[PDB]
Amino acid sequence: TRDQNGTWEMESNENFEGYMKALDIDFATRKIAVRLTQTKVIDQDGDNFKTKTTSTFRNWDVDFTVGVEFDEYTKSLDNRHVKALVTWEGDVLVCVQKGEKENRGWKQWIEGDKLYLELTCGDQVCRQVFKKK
């Protein structure tokens, strides 16, 4: 389905460290930034997404409209400027973050009961899985 609304609780974080290392985040910051407990809240109405992903380390909060490009600052993750565009491929929500980093973005989809998020940078993929709570 393309309906990703809901409050989603993480039950899977694979290779966040490798993703972060691809974004040139400090060892000292990586050794401390991984969280296996997180809540992702998606408020989606048509094309308009409001998303809040909270852990005790940071809040990764971003809003976007599907099919409208926007200039993004990646904030306390890696402090970079990108041109972000989020679209559908089928029922896969695809974000490309165009900038200094190659193959940077993420894809997010529902399968079975679950929300899957694949973050990419360079040769690194972080795979996360959330259950609906």
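Numbers for residues come from their place in the sequence shown, where the first is 1.
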Original post:
Comparing 7-15 with 20-28, which has the greater mean CA B-factor as deposited?
Top reply: 20-28
Subject >> Segment of higher mean CA temperature factor, 84-92 or 71-79 >> reply: 71-79
**OP:** Within this chain's modelled residues, let me know which third the CA B factor of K131 belongs to: lowest, middle or highest.
**Re:** middle
Subject >> Chain-relative CA temperature factor third for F64 >> reply: middle
Original post:
Going by the entry, which third of its chain does the Cα temperature factor of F57 land in?
Top reply: highest
Subject >> Lowest, middle or highest third - CA B-factor, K40 >> reply: lowest
Original post:
In terms of the CA temperature factor given in the entry, to which third of its chain does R104 belong: lowest, middle or highest?
Top reply: lowest
